[PDB]
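Undergrad: Turn this into a structure:
(8 chains, ligands or ions: 2)
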Amino acid sequence: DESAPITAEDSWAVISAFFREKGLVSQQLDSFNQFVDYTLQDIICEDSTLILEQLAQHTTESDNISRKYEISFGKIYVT
Amino acid sequence: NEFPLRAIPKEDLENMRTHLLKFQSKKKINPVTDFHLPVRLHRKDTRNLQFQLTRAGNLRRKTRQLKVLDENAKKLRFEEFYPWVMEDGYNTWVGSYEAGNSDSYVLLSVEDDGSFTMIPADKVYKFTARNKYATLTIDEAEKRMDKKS
Amino acid sequence: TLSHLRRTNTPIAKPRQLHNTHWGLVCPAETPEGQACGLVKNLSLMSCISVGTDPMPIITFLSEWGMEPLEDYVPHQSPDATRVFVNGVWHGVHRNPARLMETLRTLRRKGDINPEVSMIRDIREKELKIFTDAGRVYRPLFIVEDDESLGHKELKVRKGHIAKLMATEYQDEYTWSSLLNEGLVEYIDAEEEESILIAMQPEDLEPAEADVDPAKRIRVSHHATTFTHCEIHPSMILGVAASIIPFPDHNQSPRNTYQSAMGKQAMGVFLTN
Amino acid sequence: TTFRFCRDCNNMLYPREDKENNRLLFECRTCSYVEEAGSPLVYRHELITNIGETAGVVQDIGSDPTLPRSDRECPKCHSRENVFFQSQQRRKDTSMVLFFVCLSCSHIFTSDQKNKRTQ
Amino acid sequence: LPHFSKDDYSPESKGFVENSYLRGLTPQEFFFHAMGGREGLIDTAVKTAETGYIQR
Amino acid sequence: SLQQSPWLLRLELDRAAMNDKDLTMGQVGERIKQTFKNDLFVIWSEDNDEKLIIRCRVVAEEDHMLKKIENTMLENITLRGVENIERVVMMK
Amino acid sequence: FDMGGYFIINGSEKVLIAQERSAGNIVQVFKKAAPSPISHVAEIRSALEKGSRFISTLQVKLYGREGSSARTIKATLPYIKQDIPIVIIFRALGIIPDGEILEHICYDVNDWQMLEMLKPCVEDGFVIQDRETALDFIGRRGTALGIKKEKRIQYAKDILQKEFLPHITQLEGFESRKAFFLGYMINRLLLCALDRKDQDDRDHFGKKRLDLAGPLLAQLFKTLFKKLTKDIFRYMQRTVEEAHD
Amino acid sequence: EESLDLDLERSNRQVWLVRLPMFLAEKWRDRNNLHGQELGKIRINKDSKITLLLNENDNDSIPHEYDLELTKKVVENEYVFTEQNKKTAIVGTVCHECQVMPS
Ligand SMILES: [Zn+2]
Ligand SMILES: [Zn+2]
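TA: Numbering: from 1, shown residues only, chains lettered A, B, ... in the order given. Ligands and ions are numbered 1, 2, ... in the order given. I have put the structure below:
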């Protein structure tokens, strides 16, 4: 009879399990965790890399030298 | 409870001296090859070169006084539009490459021996009447070079 | 402390009123008196808020399951086409939504599609909107299926699962997640709530009629044969503060609203440390 | 009403009177296209509308659990299985007349005991 | 509420609390009484400052 | 029995509505006739006749002209009553 | 018994309060009150899930009131002073002939009622006949104006790509997608004006979002990281000038 | 012969081809083909059901049948043109479009 319909008192056994797992502030914690594990990385990667280019006067040495420097942001760590 | 079945062997040749591409026409332009007799398909190099302005102690300049130079941008030969001229007086179409992820529809072709051979679609081009197209302005040309690369 | 970690602020049509859509998501009694009245919402016990998932596994799934892309739509050719949206982005159309909707629902109830993802099918409007979106308030409900060899439409959860849980209750292997992946229970946000039909009590609102106590309150019926879901427990519509009110069903509406404000100022042991 | 477009342009058609043969035409204001009119009716206003009442009646109408059922015998197949709703024309005035959709023949019958319909 | 069928103009659907306080309210009765109850708290709250300024 | 535009403005009136706000086809028609004077030719179906109709014609380019005439007709033509005075209830 | 969910800043416990906002990327139709030229508006608060977050709200306005002649449909585009008649927008998008435009708005060829309601718009956009002339008309109406023919047509391109319907895509070749959407919006605008649908409930909880501790920190960290990013750049200039390592 | 001329032979003898969307995982297995380059069988069963099944050697795996979802190529006209290692030619007109569904 393990496939018998559930009574009204049985709904509490489910509610017990909901709280055993989630607790009373699952919203507060689940939000923060999502931000630390994922959101944080994506914020570091949207604009991320920034470049500065130094293009010369093309007169003669020491001119005629065009350069571009990069600065990149990879994985994010959190102690 | 009865089915008629036809089964065909499929080969995917690593050997191949050809690249298979798609030539697509819009239903509104009503293209009918029957009227075709001779056709010329050639690349469009009108926009071979393109010069784009590029930004070049003292304090950094305000935006209104930033200094610039120029850079020559080379269009990938494979990133040039196709130009289709049908029947000498007649129809003319411009084919623009479809922008897409690195995935490609396979073309299944029947061989004389009866089996199918499948090949990856190299490029997909949308062709439309040249009258819908206008001489590319510097702005559009620059915008195009970027899309492609 | 508890009720402070479930508090909601609304800055700046008729916001202060208790909306029907607030059912099971926000406490009908726990709100301040004066200036902030009805602009400071308090979450019901079983309410959770969508963390925000990725839309691509669903967009990739859709196209593969009969979804014609908008880029190739021809309105008069397929004129009855159900328009499909994923986060207010119209992705294309589908010819047999009936079967697609069932596939997507089975995908969620299995776990393949995340349970916090909201998917609604407005038949009359010919629309299927999907939300992977962050910030949506949801509540868990029991699933009811016409699906029962023996008889009528019956709640998936059976007395066997109940003992299977109380076995784990005595251990302190069958969690809440276990009910969720076994597709016995589901998460329903307010937009999705629009398309469902809920029973309050399971047992009292399931088998039809084939003396009566006068002291008990006057109750309605299980006339519906359409029931898609059942209420875990109606008392769960209440927030932390209102949940200490004894017999709140026997008090005048605001007297309850008052207690869920005073108990916050009642002395006692706040923490053992 | 139900209006046409220009074949060639696909652009809409504007009515022109052929003063000589006293007849109505439809001209294209983008090309030189002209076609004679199908009906003499060019414009219909319609203030007291009835179009909206039985909207969104997809054959899947039965799959909405939110819809209520009744044991009313169908005028066609005589089936006591049907879903019902009120005039979907979201106006203030609107009567509380009910539209029943058969869970077999799909025929739309009403509860209107003042008037007789076909929609 | 989602516990009702569409186009339900019945007393039970549109907020008629059939029961006494002594008997107790059904969840539906409870929530509707709560909506109606909230309305009064809103005017009590607002009226308070509107009424004050009129006096001034 | 007991010159004009080939374009016709035909409007159907509601018998039920024509009664609650007591009105005759004659009196309705008279207002239109007296509004547009001798620059609009009006005819009307009798109060007895099944459908309630008013046929109107003017006295190159006429399509837009009539669409203005129908707007004037619906929005500006006052049949009975005083302006600003709507919903009048009788009370004992 | 302590349940967590707070921070510890300088020794006092702090709780982020969930903030309630209206969900974005959502089509909503509202009747604009008795004294107004515009009778109904279709609004979409378009914003990105992440990345800059362009809070550009597109309004699709039904000019003229219930009983006014020439009821036109114009739409206020981000960075454009005037409201452009829907038709010109579709033309600037690439959907050039009427009826091809109408197909994107009205989905039933039978529905004469909605279609008659589109005739004024077609008349309004009759002046502009190709994609180019449509972009110029959009480009003319600034901005500021930004005088020069090549400049204004090049500017219209950018607005439609970057500021018009930024969800969906901000990419290039997606005119088809943004056209069908605009058409879905006009469909909803007219559906409400034809009294077939109800005005959107601004108070439906399903249309509201709650910004919790996660997104709140994300909002702050964005503006705080772009604050750091552009302070490093200010340094890379200072240190490339004097080669100061 | 004359450069620029699109050899319209393929379209003149009206050769038809199929355009099929293939899951990336399946085309990756095809890549491991050897011998004569065979990868499997295309089956068309009528009473119409079209499907593709990998052969025993290529799959190295339990047998599966990839169903095809037939689609219309109506809204437009598609043709195939090839460019050899330099001649251009319209080898065929897409007579059928289909999607090979993962399975
Ligand atoms: Zn024309
Ligand atoms: Zn029937």
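Undergrad: use CA for all of it now, contacts and neighbours both
TA: Will do.
Undergrad: Can you tell me the SS state at residue D:41?
TA: coil (DSSP: H, G, I helix; E, B strand; the rest coil).
Undergrad: Could you list the buried residues of stretch G:31-43?
TA: Judged by neighbour count (16 or more other C-alpha atoms under 10 Å in any protein chain shown), stretch G:31-43 contains these buried residues: G:31, G:38-43.
Undergrad: Now look at that stretch and say if it contacts chain C.
TA: No: with C-alpha under 8 Å from any C-alpha of the partner chain as the criterion, chain C is not reached by stretch G:31-43; the gap is at least 12.4 Å.
Undergrad: which residues sit in contact with residue D:25?
TA: D:15-18, D:34-37 (C-alpha atoms under 8 Å, 6 or more residues apart in numbering or on different chains).
Undergrad: Residue G:95 and residue G:101 touch, don't they?
TA: Yes: using C-alpha atoms under 8 Å, residue G:95 makes contact with residue G:101 at a distance of 5.9 Å.
Undergrad: In contact with residue G:8, which residues?
TA: By C-alpha under 8 Å, 6+ apart, the residues touching residue G:8 are residue G:14.
Undergrad: Same check on residue G:99?
TA: Going by C-alpha under 8 Å, 6+ apart, residue G:99 touches D:5, D:10-12.
Undergrad: one more time with 10 Å
TA: Counting by C-alpha atoms under 10 Å, 6 or more residues apart in numbering or on different chains, residue G:99 makes contact with D:4-6, D:9-12, G:105-106, G:109, G:115, G:122.
Undergrad: Repeat that for residue C:233.
TA: Residue C:233 sits next to A:8-12, A:14-15, C:24, C:46, C:141-142, C:200-202, E:27 when contact means C-alpha under 10 Å, 6+ apart.
Undergrad: Most neighbours of all those, which one?
TA: Most neighbours among the contacts of residue C:233, by other C-alpha atoms under 10 Å in any protein chain shown: residue C:24, with 28 neighbours.
Undergrad: ok, the residue lying closest to that one once chain neighbours are set aside - contacts?
TA: Excluding the flanking residues, the one nearest residue C:24 by C-alpha to C-alpha, 6 or more residues apart in numbering or on different chains is residue C:237, at 4.1 Å. Residue C:237 makes contacts with C:22-29, C:43-47, C:139, C:243, E:27, E:31, as judged by C-alpha under 10 Å, 6+ apart.
Undergrad: So how do I select the buried members of those residues in ChimeraX?
TA: With 16+ other C-alpha under 10 Å as the criterion, this ChimeraX line picks the buried residues out of the contacts of residue C:237:
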select /C:22,23,24,25,26,27,28,29,43,44,45,46,47,139,243 /E:27,31
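Undergrad: Of the contacts of residue C:237, which belong to helices?
TA: Using DSSP state H, the subset of the contacts of residue C:237 located in helices is E:27, E:31.
Undergrad: Strands - which of the contacts of residue C:237 land there?
TA: residue C:139 (DSSP state E).
Undergrad: Quick check: the closest residue to chain E within chain A vs residue C:163, distance?
TA: Per C-alpha to the nearest C-alpha, residue A:8 is where chain A lies closest to chain E, at 14.8 Å. According to C-alpha to C-alpha, to the nearest Å, residue A:8 stands 14 Å off from residue C:163.
Undergrad: what helices or strands is the helix or strand that residue G:74 is a member of leaning on?
TA: Element membership of residue G:74, judged by DSSP states H and E, is strand G:73-76. Here strand G:73-76 touches strand G:38-45, strand G:57-63, strand G:83-85, helix G:86-93, helix G:119-124, helix G:175-193, going by 3 or more C-alpha pairs under 10 Å, 6 or more residues apart in numbering or on different chains; DSSP states H and E.
Undergrad: The fourth one vs strand G:57-63, what angle?
TA: With axes from the mean of the first three to the mean of the last three C-alpha atoms, to 10 degrees applied, the angle from helix G:86-93 to strand G:57-63 works out at 140 degrees.
Undergrad: do helix G:86-93 and chain B meet?
TA: No: residues of helix G:86-93 are not located near chain B by C-alpha under 10 Å from any C-alpha of the partner chain, the shortest gap being 12.4 Å.
Undergrad: Could you give the number of residues near residue G:244?
TA: With other C-alpha under 10 Å as criterion, residue G:244 counts 8.
Undergrad: residues from chain D in reach of chain B?
TA: Listed as neighbours of chain B in chain D under the rule C-alpha under 10 Å from any C-alpha: D:8, D:10.
Undergrad: hmm, 6 Å instead?
TA: Residues of chain D lying close to chain B (C-alpha under 6 Å from any C-alpha of the partner chain): none.
Undergrad: ok so, going back, partner strands of the strand holding residue G:74 and their direction?
TA: Strand G:73-76 has the following strand partners under DSSP bridges: strand G:57-63 (antiparallel), strand G:83-85 (antiparallel).
Undergrad: how far does it sit from the chain's center?
TA: Its chain's C-alpha centre and that of strand G:73-76 lie 12 Å apart, by C-alpha atoms, centre = their mean, to the nearest Å.
Undergrad: For residue H:74, which non-adjacent residue is spatially closest?
TA: residue B:27 (7.8 Å).
Undergrad: Residue C:189 too?
TA: Leaving aside its chain neighbours, residue C:189 sits nearest to residue C:138 (4.1 Å; criterion: C-alpha to C-alpha, 6+ apart).
Undergrad: is it true that the one you found touches residue C:192?
TA: No: the pair residue C:138 / residue C:192 is not scored as a contact, 9.4 Å apart, by C-alpha atoms under 6 Å.
Undergrad: Need the residues touching each of these two.
TA: The contact sets of residue C:138 and residue C:192 do not overlap (C-alpha atoms under 6 Å, 6 or more residues apart in numbering or on different chains).
Undergrad: More neighbours: which of those two?
TA: Between residue C:138 and residue C:192, residue C:138 has the larger neighbour count (other C-alpha under 10 Å), namely 25 against 19.
Undergrad: Now chain D against ligand 1: closest residue?
TA: For chain D and ligand 1, the shortest gap (C-alpha to the ion) falls at residue D:9, measuring 3.7 Å.
Undergrad: What is the burial count for that residue?
TA: Residue D:9 has 17 nearby residues by other C-alpha under 10 Å.
Undergrad: got the phi/psi numbers for it?
TA: phi -90, psi -50 (degrees, to the nearest 10).
Undergrad: what sits opposite the residue sitting nearest the centre point of chain G in the beta ladder?
TA: In chain G, the C-alpha nearest the mean C-alpha coordinate belongs to residue G:58, at 3.4 Å (C-alpha atoms, centre = their mean). Residue G:58 has these beta-bridge partners by DSSP bridges: residue G:44.
Undergrad: picking that back up, can you add distance to chain F and give the buried residues of stretch G:31-43 back as CSV?
TA: CSV is the format used below for these (distance: C-alpha to the nearest C-alpha, whole Å):
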residue, distance to chain F
G:31, 20
G:38, 18
G:39, 16
G:40, 20
G:41, 23
G:42, 26
G:43, 29
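Undergrad: Out of those residues, which is nearest to chain A?
TA: Using C-alpha to the nearest C-alpha, the buried residues of stretch G:31-43 come closest to chain A at residue G:43, 28.1 Å.
Undergrad: Spit out the contact partners of that closest one.
TA: Counted by C-alpha under 6 Å, 6+ apart, residue G:43 has contacts G:27-28, G:58-59.
Undergrad: does any bit of stretch A:70-79 sit next to chain G?
TA: No: Stretch A:70-79 is not in contact with chain G by C-alpha under 6 Å from any C-alpha; minimum separation 9.4 Å.
Undergrad: Now do the single nearest residue of chain G relative to chain A against chain D, distance only.
TA: Nearest residue of chain G to chain A, counting by C-alpha to the nearest C-alpha: residue G:214, 4.6 Å away. Residue G:214 is 36 Å from chain D, where distance means C-alpha to the nearest C-alpha, to the nearest Å.
Undergrad: quick one: contacts of stretch B:89-104?
TA: Residues outside stretch B:89-104 that contact it (C-alpha under 6 Å, 6+ apart) are B:81-85, B:121, B:124-130.
Undergrad: Apply 7 Å and report the result again.
TA: Counting by C-alpha atoms under 7 Å, 6 or more residues apart in numbering or on different chains, stretch B:89-104 makes contact with B:81-86, B:120-121, B:123-130, all of which sit outside it.
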